[PDB]
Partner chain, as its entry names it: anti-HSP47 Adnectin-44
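Here we start with a single chain on its own, the form solved without its partner chain, put down as structure tokens.
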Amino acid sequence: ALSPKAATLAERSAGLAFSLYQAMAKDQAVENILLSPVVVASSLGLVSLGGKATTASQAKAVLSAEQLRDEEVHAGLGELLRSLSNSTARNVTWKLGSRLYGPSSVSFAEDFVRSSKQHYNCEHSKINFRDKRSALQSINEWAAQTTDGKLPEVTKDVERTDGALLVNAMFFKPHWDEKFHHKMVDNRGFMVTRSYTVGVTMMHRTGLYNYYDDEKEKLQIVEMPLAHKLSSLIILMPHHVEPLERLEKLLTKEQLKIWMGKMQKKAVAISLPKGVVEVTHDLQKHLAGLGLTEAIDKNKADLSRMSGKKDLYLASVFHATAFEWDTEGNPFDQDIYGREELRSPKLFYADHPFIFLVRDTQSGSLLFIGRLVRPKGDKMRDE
């Protein structure tokens, strides 16, 4: 179990992940979204640790932790990061690395290196943004080794080359509490829009799942428990093939609690696209929108506890994830559910954009929030 300081921080991390998700969903250029609330919260904790004056105090205000001591924030977020390598198969289904890249003309303070490694497992590296090809190669190779090739590239270009670059590289593969059969896969079309379909591999299974069909708001919700029921993946998909904007307006902490209170364990035939979804977000521009305004500006940032370099600021916060949808999970007794209990199931066919969350069962805290709009696959056109 988590301490009361970790529990209060976990609650704010979820509210923070909803705000970032909403801010990113408004951006027309954004297709898939993958955010890990606790990794986002740890990025703010690193700004608090390396900052001073309103630069550090704004980071604590975004985490609603102004009434907590600095040591309570760093130990509380550190506890939540280590509790993630416990609910999942640590270093098999969940890999995380955090690295701060400063220019070659910058030396990180020993005190900051010590404490950022202690609380956030943060790594530090000097980078030369002059040779742009070798700077991108260093970031990408570090992310590729962190995820063992699952995320081979974080970014193709670094826009702001005069500040600190925080990079978070992740690989997450939900391990189902009841596995899909490895041969229960086939080729299907996924409708990105009503006029654009891509070819995907879909995986299929029937089982007893918590489910709700909202006839008023026109969507289905299903809860898929992960290994040992320590967490679960919730999918919210509209009835029609449509942009997720309408359903994203309903996506609040209050409405999610109402929807989850209406879910009943029913027989459901679930079909999901199978594959790795690779998403990179530069969160720097959306962090200013939430209250972290000083850290992200060259002429306002005070990251002097991080380094004494003139005008050092947070240039980028890369949040890069390889999320793998696969059949693997725990085995189960087929004789227990058997016949009658599964003959006429509800059909949850994820062939069009949907929103998803990974929620800790014991604490109710969010591990992940995102949406699948464009799977990795072939655009269908007449030959």
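Numbering follows the first chain given and starts at 1. In this text, the rigid core denotes the largest set of C-alpha atoms whose superposition between the two forms falls within 1.5 Å.
Form solved in complex with its partner chain: not shown, discussed below.
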Exactly one of 82, 285, 132, 239 comes within 4.5 Å of its partner chain in the bound PDB entry through a heavy atom, and that residue is 239
Among 90, 246, 204, 300, just one has a heavy atom within 4.5 Å of its partner chain in the bound PDB entry, namely 204
Of the candidate stretches 45 to 53, 343 to 351, 314 to 322, 66 to 74, the one with residues having heavy atoms within 4.5 Å of its partner chain in the bound PDB entry is 343 to 351
Exercise. For the spot marked by 188, 334 and 338, is every residue within 4.5 Å of its partner chain in the bound PDB entry through some heavy atom?
Worked result: yes
If you check in the bound PDB entry, is residue 181 within 4.5 Å of its partner chain, heavy atoms only? yes
If we define contact as a non-hydrogen atom of the residue within 4.5 angstroms of the partner, is residue 269 a contact of its partner chain in the bound PDB entry? yes
| said: Considering non-hydrogen atoms and a 4.5 Å limit, does its partner chain approach residue 213 in the bound PDB entry? | reply: yes
- request: Flag residue 307 as yes or no: does it have a non-hydrogen atom within 4.5 angstroms of any non-hydrogen atom of its partner chain in the bound PDB entry?
  value: no
Taking its partner chain in the bound PDB entry and a 4.5 Å non-hydrogen atom cutoff, the residues of 216 to 231 making contact are 220
_Given a superposition on the rigid core, I'd like a yes or no on whether residue 347 shifts its C-alpha by 2 Å or more between the shown form and the other one._
no
